[PDB]
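In the block that follows, a single chain appears as structure tokens, in the form deposited in one PDB entry.
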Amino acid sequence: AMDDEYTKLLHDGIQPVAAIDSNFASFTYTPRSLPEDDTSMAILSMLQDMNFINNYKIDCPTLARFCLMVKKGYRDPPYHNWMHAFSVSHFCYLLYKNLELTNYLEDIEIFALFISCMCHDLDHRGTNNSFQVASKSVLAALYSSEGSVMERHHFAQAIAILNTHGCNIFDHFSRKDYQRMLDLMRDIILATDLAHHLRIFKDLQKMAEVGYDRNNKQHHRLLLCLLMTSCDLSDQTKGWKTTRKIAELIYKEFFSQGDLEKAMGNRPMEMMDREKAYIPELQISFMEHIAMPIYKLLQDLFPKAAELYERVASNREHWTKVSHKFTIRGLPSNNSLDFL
């Protein structure tokens, strides 16, 4: 159903977003409930709704071909796959719809954000940055002096897609705007390195304290940074079932890297060591120390974003609640102590 795929994608209309689901454009929509078969069409619906296609006279063949090439540029580790990218892109669309980004950022910045969302984890292998370095990967070999190893590769892969014949959805920009767009993507993608976020966190607080100034150029940069990290973590803004299930995949991925490190004779981080990792406290810590501050910062800049923070805080309480279930009380389901 692969070339079947390009053809349908291109020669039918692009569905109106509302026809996808009546709640497609609300903060309570879970993008991962859309069949993976429909997600490319969905990307195009959002692009058309956000008016970028008919704004920039983008080649529908080029655009549909971009989309499928982006999708195909993901591997299939448990977490860092296309459905991640898709729901991350979808949240960006939500932000643009519910928060009115056009009053905050230039059309080009928003386009670069959405597109960086599609591409921000391309060709991920289920290993992190410290793995690249520790294992002397060829990615660590090329990007050897400044960290953000994977993020540098994700941007590199996005670049190589745009430079594939019939995939340059930017080949309509002036050379000036083309450069600007590439520098935008690099910055937004790079911002998805958690180390980056921790570096600029103080500056984000400040901007939120004094208030976003649209004539401040450094505010534009910080906003786009905060918005992108809000997109990368948006699974935490949905239901309990979503955080629960996203913990499954995360930990499945992490533990595989740990098993591999052990085999190479490295010592894995605890959260990657399936023998040592206590998932409930790892989640609460992650929630309390990473994701919560992101959505609080977003609530401070954007008062309509408040429901998202309160979702994320409610998801944390719930890990607190079910946290006792990770000590086996009574007997296992089968009434057996064999597992001993």
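Residue positions are given as counts along the sequence shown, with the first one as 1. The term rigid core refers to the most C-alpha atoms you can superpose between the two forms while keeping them within 1.5 Å.
Stretch exceeding the other in mean C-alpha B-factor - 107-115, 214-222: Averaged over C-alpha atoms, the B-factors run higher in 214-222.
Average Cα temperature factor in the PDB entry - higher stretch of 156-164, 85-93: Comparing 85-93 with 156-164, the higher average CA B-factor belongs to 156-164.
Selection by C-alpha B-factor (highest) of 314, 283, 45, 39: Of the candidates given, the C-alpha B-factor peaks at 314.
Highest recorded Cα temperature factor - choice among 69, 298, 271, 63: Each of 69, 298, 271, 63 was compared by C-alpha B-factor; the highest is 63.
Residue 308 - Cα temperature factor, lowest/middle/highest third of chain: It belongs to the middle third of the chain when residues are ordered by C-alpha B-factor.
Cα B factor band for residue 58 (lowest, middle or highest third within the chain): Highest third of the chain for residue 58's C-alpha B-factor.
Third assignment of residue 173 from its chain's C-alpha B-factors: Within its chain, residue 173 is a highest-third residue by C-alpha B-factor, going by the deposited values.
For residue 134, the third of its chain into which the C-alpha B factor falls: Highest third, going by the recorded CA B-factors of the chain.
Third of chain Cα B-factors occupied by residue 34: Ranked within chain, residue 34 CA B lands in the middle tercile.
The protein also exists as the form deposited in another entry; that form is not presented, and the subsequent description refers to it.
Residue 16 C-alpha relocation of at least 2 Å between the shown form and the other one, rigid core basis: False for residue 16: its C-alpha shift is below 2 Å.
C-alpha of residue 328 moved at least 2 Å between the shown form and the other one on rigid core: Result for residue 328: yes, a 2 Å-plus shift.
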